[PDB]
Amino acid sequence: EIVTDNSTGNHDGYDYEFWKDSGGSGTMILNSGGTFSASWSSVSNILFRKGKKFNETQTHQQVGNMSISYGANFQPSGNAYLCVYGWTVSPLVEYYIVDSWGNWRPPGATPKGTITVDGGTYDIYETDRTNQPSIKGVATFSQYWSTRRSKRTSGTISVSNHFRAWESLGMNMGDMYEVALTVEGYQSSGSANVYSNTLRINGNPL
């Protein structure tokens, strides 16, 4: 149902998470399957997601081929991302496949390559977080990014294609912790309605 504070659980088969740091507010409404809506106001950082959490024992290859069909009405007022998001451990990595954004195309780095997939082209980037919040407390970890060259708010995201592309460029991943269609807000406000979000693993939906 309605979530306005940091929370992890399972709704309609999908692992959802609400996460924000202090400042401003956010509201997440959990709808059928992987669908949810999101509103935020005067946040520093906020994340809204529904996908799949893993027990950190398998590589993406061992999990299997991952793919998400999604559609969203994406209405940010400032900096925000509509993306597939998640983590690995050993190495600890925060990752992004961004299809849309607000006023700023992330991450502000030099591309390491590109991948052409799902009817578009993405620049690939690697950045570094030093002693920042993580799924494992304050930590130092890399971020991997695929960022579409033009905004899109519905389609298929061939998640594993990006994973393979990253690893080809020497951006290696560890054991899967999570994969999830995600709305992020950074020092901004806005709203979003994810009316479609289906995660398939080996062609089988959650």
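Start at 1 with the first residue shown and count on from there.
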Next item on the list: Look up the CA B-factors in the entry and say which stretch, 92 to 100 or 124 to 132, has the higher mean.
Entry: 124 to 132
Next item on the list: Look up the CA B-factors in the entry and say which stretch, 82 to 90 or 105 to 113, has the higher mean.
Entry: 105 to 113
Check: For the listed residues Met176, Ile157, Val43, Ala165, which one has the largest C-alpha B-factor as given in the deposited model?
Finding: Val43
Note to self: Looking at the temperature factor on the CA atom of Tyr186, which third of the chain's modelled residues does it land in?
What the structure shows: highest
Check: Compared with the other modelled residues in the chain, in which third is the CA B-factor of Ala139?
Finding: highest
Notebook entry, point to check: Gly119's Cα B-factor: lowest, middle or highest third of the chain?
Noted result: lowest
Next item on the list: Rank-wise, by C-alpha B-factor, drop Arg148 into the lowest, middle or highest third of its chain.
Entry: middle
Item checked: Where the record places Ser69 (Cα B-factor, split into thirds across the chain) -> middle
